[PDB]
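Close look at the chain arrangement
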Amino acid sequence: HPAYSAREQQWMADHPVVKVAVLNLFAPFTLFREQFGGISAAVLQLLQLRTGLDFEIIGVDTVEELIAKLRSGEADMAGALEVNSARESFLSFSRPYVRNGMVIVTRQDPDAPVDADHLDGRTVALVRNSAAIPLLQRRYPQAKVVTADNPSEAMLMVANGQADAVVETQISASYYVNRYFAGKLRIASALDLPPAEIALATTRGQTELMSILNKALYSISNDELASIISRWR
(Lines give C-alpha, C1' and ligand atoms only; values in the text may rest on other atoms or scores of the structure.)
Protein backbone atom coordinates (compact mmCIF):
# COMPACT_ATOMS: atom_id res chain seq x y z
CA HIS A 1 0.00 0.00 0.00
CA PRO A 2 1.71 3.18 1.23
CA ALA A 3 2.96 5.68 -1.43
CA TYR A 4 5.89 7.49 0.17
CA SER A 5 7.12 10.82 -1.34
CA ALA A 6 10.67 11.41 -2.60
CA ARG A 7 11.47 13.51 0.57
CA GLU A 8 10.09 10.74 2.78
CA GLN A 9 12.26 8.21 0.83
CA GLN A 10 15.33 10.36 1.47
CA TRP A 11 14.45 10.63 5.18
CA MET A 12 14.28 6.77 5.31
CA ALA A 13 17.60 6.39 3.46
CA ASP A 14 19.21 8.70 6.08
CA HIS A 15 17.41 7.19 9.11
CA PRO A 16 17.23 3.39 8.58
CA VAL A 17 16.99 2.97 12.43
CA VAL A 18 14.41 5.07 14.21
CA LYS A 19 14.48 5.58 18.00
CA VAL A 20 11.14 5.03 19.67
CA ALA A 21 10.45 6.04 23.27
CA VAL A 22 7.76 4.20 25.15
CA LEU A 23 6.35 4.19 28.70
CA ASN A 24 7.68 1.29 30.80
CA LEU A 25 4.52 0.61 32.70
CA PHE A 26 1.62 1.50 30.33
CA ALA A 27 0.30 -2.08 29.93
CA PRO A 28 -1.44 -3.46 27.94
CA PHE A 29 -0.10 -0.83 25.52
CA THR A 30 3.67 -0.64 26.22
CA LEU A 31 5.51 -2.82 28.70
CA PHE A 32 8.66 -4.84 29.23
CA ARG A 33 8.51 -8.56 30.17
CA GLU A 34 13.12 -7.78 29.24
CA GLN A 35 11.59 -7.83 25.76
CA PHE A 36 9.31 -4.95 24.77
CA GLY A 37 5.64 -6.09 24.63
CA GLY A 38 2.01 -4.96 24.58
CA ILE A 39 -0.50 -3.84 21.88
CA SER A 40 1.79 -1.04 20.69
CA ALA A 41 4.80 -3.38 20.34
CA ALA A 42 2.82 -5.57 17.80
CA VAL A 43 1.58 -2.40 16.01
CA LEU A 44 5.18 -1.12 15.66
CA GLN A 45 6.10 -4.50 14.15
CA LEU A 46 3.29 -4.09 11.50
CA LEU A 47 4.73 -0.60 10.88
CA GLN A 48 8.28 -2.08 10.38
CA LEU A 49 6.90 -4.04 7.43
CA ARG A 50 4.92 -1.08 6.07
CA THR A 51 7.97 1.31 6.29
CA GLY A 52 11.05 -0.93 6.03
CA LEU A 53 12.28 0.96 9.09
CA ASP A 54 14.14 -0.66 12.03
CA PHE A 55 12.95 0.54 15.46
CA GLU A 56 15.14 1.01 18.48
CA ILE A 57 13.10 1.02 21.69
CA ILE A 58 13.91 3.29 24.66
CA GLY A 59 11.70 2.69 27.78
CA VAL A 60 11.07 5.48 30.34
CA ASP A 61 8.88 5.60 33.48
CA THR A 62 7.24 8.97 32.91
CA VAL A 63 5.64 10.94 30.07
CA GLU A 64 7.70 14.05 31.06
CA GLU A 65 10.85 12.01 30.40
CA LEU A 66 9.48 10.59 27.13
CA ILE A 67 8.64 14.17 25.95
CA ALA A 68 12.16 15.42 27.04
CA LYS A 69 13.69 12.69 24.90
CA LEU A 70 11.66 13.76 21.87
CA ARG A 71 12.55 17.46 22.45
CA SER A 72 16.25 16.74 22.72
CA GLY A 73 16.20 14.50 19.59
CA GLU A 74 17.43 11.50 21.64
CA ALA A 75 14.12 9.75 20.54
CA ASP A 76 12.57 10.31 17.08
CA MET A 77 8.95 9.36 18.05
CA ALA A 78 6.84 7.96 20.93
CA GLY A 79 5.36 4.50 20.42
CA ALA A 80 2.13 5.09 22.39
CA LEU A 81 0.66 8.22 23.98
CA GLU A 82 -2.92 9.27 24.74
CA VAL A 83 -3.84 12.09 22.38
CA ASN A 84 -4.20 15.18 24.50
CA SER A 85 -5.02 18.69 23.32
CA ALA A 86 -2.94 20.08 26.22
CA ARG A 87 0.21 18.51 24.52
CA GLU A 88 -0.40 19.81 20.97
CA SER A 89 1.60 22.99 21.19
CA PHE A 90 4.65 20.78 21.68
CA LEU A 91 3.79 17.44 20.08
CA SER A 92 2.17 16.13 16.87
CA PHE A 93 0.09 12.97 17.27
CA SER A 94 -0.46 10.47 14.45
CA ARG A 95 -3.92 9.20 13.45
CA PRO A 96 -4.98 7.02 16.46
CA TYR A 97 -4.52 3.27 16.26
CA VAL A 98 -6.72 2.66 19.36
CA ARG A 99 -9.93 4.57 20.17
CA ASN A 100 -11.64 3.14 23.26
CA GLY A 101 -14.35 4.22 25.76
CA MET A 102 -13.72 5.03 29.40
CA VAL A 103 -15.04 3.03 32.30
CA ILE A 104 -15.31 3.19 36.06
CA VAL A 105 -13.78 0.36 38.13
CA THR A 106 -14.90 -0.20 41.76
CA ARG A 107 -14.38 -2.84 44.46
CA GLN A 108 -16.30 -6.05 43.85
CA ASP A 109 -19.60 -6.68 45.74
CA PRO A 110 -22.19 -9.37 45.40
CA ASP A 111 -24.44 -6.46 44.22
CA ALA A 112 -23.95 -4.50 41.01
CA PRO A 113 -25.46 -1.15 42.18
CA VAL A 114 -27.06 1.27 39.69
CA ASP A 115 -25.22 4.38 41.11
CA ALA A 116 -21.53 3.31 40.69
CA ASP A 117 -21.13 6.31 38.40
CA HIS A 118 -22.50 8.64 41.04
CA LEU A 119 -19.02 10.23 41.30
CA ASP A 120 -20.41 13.51 42.76
CA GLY A 121 -19.34 13.48 46.36
CA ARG A 122 -16.99 10.53 45.86
CA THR A 123 -13.20 10.06 45.51
CA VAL A 124 -12.03 9.05 41.96
CA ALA A 125 -8.40 8.04 41.03
CA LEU A 126 -6.91 8.63 37.55
CA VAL A 127 -3.41 8.49 36.02
CA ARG A 128 -1.60 11.82 36.49
CA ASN A 129 -2.19 14.11 33.39
CA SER A 130 -4.91 11.78 32.06
CA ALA A 131 -6.78 13.74 29.37
CA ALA A 132 -9.97 12.50 31.11
CA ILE A 133 -9.47 14.73 34.21
CA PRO A 134 -10.53 18.22 33.03
CA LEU A 135 -13.54 16.63 31.27
CA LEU A 136 -14.41 14.41 34.25
CA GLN A 137 -14.59 17.48 36.56
CA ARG A 138 -16.76 19.48 34.15
CA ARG A 139 -19.15 16.50 34.54
CA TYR A 140 -19.33 15.49 38.21
CA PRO A 141 -18.70 19.06 39.53
CA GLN A 142 -18.53 17.66 43.09
CA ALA A 143 -16.32 14.59 42.38
CA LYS A 144 -13.03 14.59 44.32
CA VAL A 145 -10.25 13.66 41.76
CA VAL A 146 -6.95 12.14 42.99
CA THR A 147 -4.00 11.16 40.66
CA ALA A 148 -1.61 8.17 40.45
CA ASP A 149 1.65 7.24 38.58
CA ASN A 150 0.49 4.51 36.19
CA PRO A 151 -2.62 2.36 35.62
CA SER A 152 -1.62 -0.42 38.12
CA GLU A 153 -1.21 2.09 41.00
CA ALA A 154 -4.47 3.84 40.18
CA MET A 155 -6.17 0.44 40.30
CA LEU A 156 -4.31 -0.23 43.57
CA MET A 157 -5.74 2.82 45.38
CA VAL A 158 -9.30 1.55 44.81
CA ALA A 159 -8.39 -2.00 45.94
CA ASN A 160 -6.91 -0.29 49.01
CA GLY A 161 -9.73 1.91 50.22
CA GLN A 162 -7.85 5.03 49.15
CA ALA A 163 -10.51 5.74 46.44
CA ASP A 164 -14.18 4.94 45.64
CA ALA A 165 -13.55 4.44 41.91
CA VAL A 166 -10.85 4.56 39.21
CA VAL A 167 -11.45 5.89 35.68
CA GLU A 168 -9.56 4.14 32.86
CA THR A 169 -9.99 2.90 29.27
CA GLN A 170 -12.12 -0.25 28.89
CA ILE A 171 -8.95 -1.95 27.49
CA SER A 172 -6.74 -1.05 30.33
CA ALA A 173 -9.47 -1.65 33.00
CA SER A 174 -10.23 -5.19 31.60
CA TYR A 175 -6.50 -5.98 31.53
CA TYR A 176 -5.71 -4.99 35.13
CA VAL A 177 -8.96 -6.30 36.64
CA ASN A 178 -8.86 -9.76 34.99
CA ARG A 179 -5.13 -10.19 35.52
CA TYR A 180 -3.92 -8.46 38.67
CA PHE A 181 -7.18 -7.84 40.55
CA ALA A 182 -9.66 -10.64 39.85
CA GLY A 183 -12.05 -10.86 42.82
CA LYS A 184 -11.01 -7.49 44.11
CA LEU A 185 -12.13 -5.00 41.47
CA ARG A 186 -14.62 -4.93 38.66
CA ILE A 187 -15.75 -2.76 35.78
CA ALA A 188 -18.92 -1.22 37.24
CA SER A 189 -20.03 0.89 34.25
CA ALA A 190 -19.32 2.78 31.02
CA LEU A 191 -18.68 6.56 31.19
CA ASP A 192 -20.10 9.09 28.82
CA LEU A 193 -16.74 10.74 28.18
CA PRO A 194 -15.26 10.83 24.70
CA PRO A 195 -13.01 7.76 24.07
CA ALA A 196 -9.27 7.83 24.82
CA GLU A 197 -7.21 7.80 21.60
CA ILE A 198 -3.81 6.13 21.58
CA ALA A 199 -1.43 7.37 18.80
CA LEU A 200 2.19 7.77 17.89
CA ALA A 201 3.82 11.13 18.50
CA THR A 202 6.74 13.26 17.31
CA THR A 203 7.69 16.89 17.97
CA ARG A 204 5.98 19.38 15.66
CA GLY A 205 8.95 19.84 13.33
CA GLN A 206 9.10 16.17 12.42
CA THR A 207 7.34 16.48 8.95
CA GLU A 208 8.57 13.39 7.01
CA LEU A 209 8.58 10.95 9.80
CA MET A 210 5.03 11.82 10.96
CA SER A 211 3.79 11.67 7.34
CA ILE A 212 5.47 8.31 6.86
CA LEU A 213 3.86 6.99 10.08
CA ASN A 214 0.34 8.25 9.09
CA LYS A 215 0.53 6.61 5.65
CA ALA A 216 1.87 3.39 7.20
CA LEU A 217 -0.93 3.35 9.89
CA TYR A 218 -3.60 4.15 7.23
CA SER A 219 -2.63 0.88 5.53
CA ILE A 220 -3.30 -1.09 8.73
CA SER A 221 -6.94 -2.43 8.69
CA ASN A 222 -9.20 -2.42 11.65
CA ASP A 223 -9.28 -6.29 11.54
CA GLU A 224 -5.47 -6.50 11.91
CA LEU A 225 -5.66 -4.14 14.93
CA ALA A 226 -8.60 -6.02 16.49
CA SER A 227 -6.66 -9.36 16.25
CA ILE A 228 -3.87 -7.74 18.27
CA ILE A 229 -6.14 -5.82 20.74
CA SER A 230 -8.38 -8.84 21.42
CA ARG A 231 -5.37 -10.80 22.93
CA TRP A 232 -5.00 -8.37 25.82
CA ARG A 233 -8.55 -8.75 27.29
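Residues numbered from 1 in each chain as written, not as in the entry; some residues may be left out. Heavy atoms only, no water.

Per the deposition metadata, X-ray crystallography was the technique used to determine this entry, at a resolution of 2.10 Å.

1. Looking at the nonpolar core
Judged by nonpolar contacts, the single largest core of 66 residues is most densely connected at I39, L47, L66, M77, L81 and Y97. Residue contributions to this core reach at least three from each of two domains, namely domain 1 (1-100 + 196-233) and domain 2 (101-195). Once residues within four sequence positions are removed from consideration, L66 is found in contact with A21, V22, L23, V60, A78 and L81. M102, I104, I133 and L191 belong to the second largest nonpolar core, which has 15 residues in total. (Core = buried A, V, L, I, M, F, W, Y, C linked by side-chain atoms within 4.5 Å. Buried < 20%, exposed > 50% of the residue type's maximum accessible area, 1.4 Å probe, protein only. Domains from an automatic or database assignment. Contact = heavy atoms within 4.5 Å.)

2. Topic: the sheet that holds strand β2 (residues 25-26)
Pairing within the open sheet is antiparallel, and its three strands lie in the order β2-β3-β4. Bordering the open sheet on either side are β2 and β4 (36-37), each of which pairs with just one other strand. In the sheet, strand β3 (residues 30-32) pairs with β4 via two bridges, with the strands oriented antiparallel. Its bridge partner being in β4, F32 is matched across the sheet by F36. (Pairing = 2+ DSSP bridges. Helix = DSSP H or I, 4+ residues; strand = E, 2+ residues; numbered from the N terminus.)

3. Examining the sheet that holds strand β13 (residues 185-190)
Pairing is mixed in the open sheet, where five strands are placed in the order β11-β10-β12-β9-β13. Looking at the sheet topology across the chains shown, the edges are occupied by β11 (144-148) and β13. Going across the sheet, the axis of each strand differs from the next one's by a mean of 35°, ignoring polarity. Relative to strand β12 (residues 165-169), strand β9 (residues 102-107) runs antiparallel, the two sharing four bridges. Bridging from a neighbouring strand, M102 pairs with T169 of β12. Against the sheet, helix α5 (residues 151-160) makes contact with β9, β10 (123-127), β11, β12 and β13, and its axis sits at roughly 155° relative to β12, the strand it touches most. Packing against the sheet, helix α6 (residues 170-180) makes contact with β9, β12 and β13, and its axis sits at approximately 120° to β12. (Axes fitted to C-alpha atoms, helices over the stretch in contact; angles between N-to-C directions.)

4. Section: the packing of aromatic side chains
In the structure shown here, the tally under the stated rule is six aromatic pairs. With a centroid separation of 6.0 Å and 55° between ring planes, the pair formed by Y175 and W232 is classed as tilted. Pair noted here: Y175 is in helix α6 and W232 is in the segment after α8 (222-229), with a separation of 57 residues, a long-range link. Residues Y175 and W232 agree in their burial class; the two are buried. (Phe/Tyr/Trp six-rings, centres within 6.5 Å; stacked < 30°, edge-to-face > 60°.)

5. Observations regarding the pattern of salt bridges
Applying the stated criterion across every chain yields a total of eight salt bridges. Here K19 and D76 are joined by a salt bridge, their closest N and O atoms 3.3 Å apart. Judged by its relative accessible area of 24%, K19 falls in the partly exposed class. One salt bridge connects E197 with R99, and the closest N-O pair in it is separated by 2.6 Å. Taken together, the residues span a long stretch of sequence, with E197 in strand β14 (residues 196-203) and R99 in strand β8 (residues 98-100) at a distance of 98 residues. Note on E197: relative accessible area 21%, which makes it partly exposed. Judged by its relative accessible area of 55%, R99 falls in the exposed class. (Salt bridge = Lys/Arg side-chain N within 4 Å of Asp/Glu carboxyl O.)

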